[PDB]
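Text of structure10.cif (mmCIF, C-alpha atoms) as supplied:
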```
data_input
#
loop_
_atom_site.label_atom_id
_atom_site.label_comp_id
_atom_site.auth_asym_id
_atom_site.auth_seq_id
_atom_site.Cartn_x
_atom_site.Cartn_y
_atom_site.Cartn_z
CA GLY A 51 -83.69 -243.90 283.69
CA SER A 52 -87.03 -245.56 284.36
CA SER A 53 -89.45 -243.45 282.32
CA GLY A 54 -88.87 -242.38 278.72
CA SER A 55 -91.80 -242.24 276.31
CA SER A 56 -92.40 -240.13 273.20
CA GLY A 57 -94.39 -236.98 273.88
CA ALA A 58 -93.56 -233.69 275.59
CA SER A 59 -96.61 -232.35 277.43
CA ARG A 60 -94.70 -229.32 278.72
CA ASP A 61 -93.69 -226.57 276.29
CA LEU A 62 -90.06 -226.98 275.23
CA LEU A 63 -89.75 -223.30 274.32
CA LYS A 64 -89.97 -222.59 278.05
CA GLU A 65 -86.40 -223.89 278.30
CA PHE A 66 -85.34 -222.92 274.78
CA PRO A 67 -86.65 -219.40 274.03
CA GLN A 68 -84.29 -218.70 271.13
CA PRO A 69 -83.81 -222.10 269.45
CA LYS A 70 -83.02 -220.44 266.12
CA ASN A 71 -80.00 -218.69 267.64
CA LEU A 72 -79.16 -221.19 270.39
CA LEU A 73 -79.20 -224.28 268.17
CA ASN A 74 -77.37 -222.59 265.30
CA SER A 75 -74.79 -221.26 267.76
CA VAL A 76 -74.03 -224.86 268.72
CA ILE A 77 -73.15 -226.32 265.32
CA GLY A 78 -71.71 -222.92 264.44
CA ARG A 79 -69.12 -223.36 267.19
CA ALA A 80 -68.41 -227.06 266.72
CA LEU A 81 -68.15 -226.97 262.93
CA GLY A 82 -68.88 -223.46 261.70
CA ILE A 83 -71.81 -221.08 261.32
CA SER A 84 -71.16 -221.20 257.58
CA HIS A 85 -71.43 -224.99 257.55
CA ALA A 86 -74.31 -225.20 260.03
CA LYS A 87 -76.36 -223.66 257.23
CA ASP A 88 -76.66 -227.09 255.61
CA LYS A 89 -76.37 -228.99 258.89
CA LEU A 90 -79.79 -227.63 259.86
CA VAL A 91 -82.39 -228.10 257.12
CA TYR A 92 -86.00 -226.92 257.32
CA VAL A 93 -88.77 -228.63 255.36
CA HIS A 94 -92.21 -227.01 255.08
CA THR A 95 -95.37 -229.02 254.44
CA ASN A 96 -98.84 -228.22 253.09
CA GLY A 97 -102.20 -229.82 253.80
CA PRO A 98 -102.96 -229.85 257.54
CA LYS A 99 -104.78 -226.93 259.16
CA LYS A 100 -101.62 -225.70 260.90
CA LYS A 101 -98.28 -225.51 259.09
CA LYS A 102 -95.51 -227.91 260.11
CA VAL A 103 -91.73 -227.76 259.68
CA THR A 104 -89.43 -230.78 259.74
CA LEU A 105 -85.95 -229.76 260.90
CA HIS A 106 -83.50 -232.25 259.40
CA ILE A 107 -80.32 -232.15 261.49
CA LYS A 108 -77.08 -233.89 260.55
CA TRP A 109 -74.63 -232.87 263.27
CA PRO A 110 -73.67 -234.41 265.42
CA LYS A 111 -75.75 -237.29 264.05
CA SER A 112 -78.48 -237.56 261.42
CA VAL A 113 -81.73 -236.64 263.16
CA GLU A 114 -85.01 -234.86 262.45
CA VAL A 115 -87.77 -233.08 264.37
CA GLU A 116 -91.21 -231.56 263.79
CA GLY A 117 -92.21 -227.97 264.50
CA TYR A 118 -95.77 -226.68 264.79
CA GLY A 119 -96.95 -223.08 264.78
CA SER A 120 -99.40 -220.53 263.40
CA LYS A 121 -96.98 -218.65 261.15
CA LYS A 122 -93.81 -219.77 259.37
CA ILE A 123 -91.61 -218.44 262.17
CA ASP A 124 -93.87 -219.96 264.82
CA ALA A 125 -93.47 -223.43 263.31
CA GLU A 126 -89.78 -223.10 262.48
CA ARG A 127 -89.13 -222.03 266.08
CA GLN A 128 -90.66 -225.19 267.56
CA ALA A 129 -88.72 -227.52 265.26
CA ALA A 130 -85.39 -226.10 266.40
CA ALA A 131 -86.51 -226.14 270.03
CA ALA A 132 -87.48 -229.79 269.58
CA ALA A 133 -83.82 -230.48 268.84
CA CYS A 134 -82.33 -228.27 271.56
CA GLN A 135 -83.46 -230.92 274.06
CA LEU A 136 -81.43 -233.54 272.20
CA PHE A 137 -78.28 -231.40 272.28
CA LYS A 138 -78.75 -230.84 276.01
CA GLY A 139 -79.07 -234.51 276.92
CA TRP A 140 -76.32 -235.50 274.50
CA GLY A 141 -73.87 -233.14 276.18
CA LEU A 142 -73.43 -230.38 273.61
CA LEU A 143 -75.20 -227.66 275.58
CA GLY A 144 -75.13 -228.56 279.26
CA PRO A 145 -77.26 -228.03 282.38
CA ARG A 146 -77.48 -224.26 281.93
CA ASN A 147 -77.19 -224.30 278.14
CA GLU A 148 -73.48 -223.49 278.42
CA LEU A 149 -71.69 -224.32 275.17
CA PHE A 150 -68.22 -225.88 275.24
CA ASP A 151 -64.82 -225.42 273.59
CA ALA A 152 -64.41 -226.22 269.89
CA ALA A 153 -61.94 -229.03 270.61
CA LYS A 154 -64.50 -230.71 272.86
CA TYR A 155 -67.19 -230.38 270.19
CA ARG A 156 -64.90 -232.16 267.73
CA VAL A 157 -64.82 -235.20 270.03
CA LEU A 158 -68.48 -234.94 271.01
CA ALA A 159 -69.34 -235.35 267.32
CA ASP A 160 -66.79 -238.13 266.82
CA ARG A 161 -68.41 -240.49 269.32
CA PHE A 162 -71.60 -239.93 267.32
CA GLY A 163 -70.11 -240.39 263.87
CA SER A 164 -66.93 -240.18 261.80
CA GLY A 165 -67.38 -238.57 258.39
CA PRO A 166 -64.81 -238.75 255.57
CA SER A 167 -62.39 -236.93 257.87
CA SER A 168 -59.97 -238.92 260.03
CA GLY A 169 -59.28 -236.01 262.36
#
```
Could you render the structure as structure tokens?
Amino acid sequence: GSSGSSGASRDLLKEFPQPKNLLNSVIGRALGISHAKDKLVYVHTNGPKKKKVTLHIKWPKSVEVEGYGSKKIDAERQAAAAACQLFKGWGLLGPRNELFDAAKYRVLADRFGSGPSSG
């Protein structure tokens, strides 16, 4: 790729309407909805006019994103959506946001990192 700078002018939500369900569904399939709980962490801040939420993701790799919005849900939504894009490019979602088979997910996460498990 030639271009690749930080900053998304276009609204991500447009592509990811339900990031709270879509994102969760991902890790929930690869590892397990029960586990995903911790995998996706939400941190709320206080100070700036609008509320912000920092979604701290671990799977596949350790990453984080910011989510803006009027209400709690509004902000939380963005955060997740901000990550959905990462899962798409990485190869966890796909061109049409079509999840994959568990087995595949296991490998997709391996290339990213290898926890205490040998597999």
request  = Kindly resolve the PyMOL selection byres ((chain A and resi 169) around 10) on the present coordinates and return the residues as a list in words.
outcome  = residues 156, 157, 160, 164, 165, 166, 167 and 168 of chain A
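Our summary of the geometry notes that CA of residue 103 in chain A is positioned 10.6 Å from CA of residue 121 in chain A.
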task = Taking the file as shown, find all residues satisfying the PyMOL selection byres ((chain A and resi 127) around 9) and write them as a list in words.
result = residues 63, 67, 68, 69, 70, 103, 117, 118, 119, 122, 123, 124, 125, 126, 128, 129, 130, 131 and 132 of chain A
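Note that CA of residue 116 in chain A and CA of residue 93 in chain A are 9.3 Å apart.
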inquiry  = Can you pull out the residues contacting range 134-137 of chain A? Cut-off 8 Å, using all atoms listed in the file, and skip same-chain residues under 5 positions away; I want them as a PyMOL selection string.
reply    = chain A and resi 62+66+69+72-73+142-143
task = Point out the residue among A:56, A:104, A:87, A:65 with the least atom-to-atom distance to residue 146 in chain A, counting all atoms listed in the file.
result = A:65
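A straight line drawn from CA of residue 148 in chain A to CA of residue 92 in chain A is 24.8 Å long.
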ask   = Where does the PyMOL selection byres ((chain A and resi 79) around 9) land in this file, that is, which residues does it pick, as a ChimeraX atom specification?
value = /A:74-78,80-83,149-152,155
ask   = Within 8 Å of residue 89 in chain A, counting only C-alpha atoms, which residues qualify if same-chain residues fewer than 5 places away don't, as an MDAnalysis selection string?
value = chainID A and resid 77 106:109
remark   = Across A:57, A:51, A:97, A:163, the smallest distance to residue 111 in chain A, with all atoms listed in the file counted, is shown by A:163
request  = Identify which of the residues A:55, A:61, A:98, A:141 lies closest to residue 158 in chain A, counting all atoms listed in the file when measuring atom-to-atom distances.
outcome  = A:141
May I have the centre and edge lengths, in Å to one decimal, of an axis-aligned box around the listed atoms of range 78-91 of chain A with 8 Å added to every side, as AutoDock Vina command-line options?
```
--center_x -75.3 --center_y -225.0 --center_z 261.4 --size_x 30.2 --size_y 23.9 --size_z 27.6
```
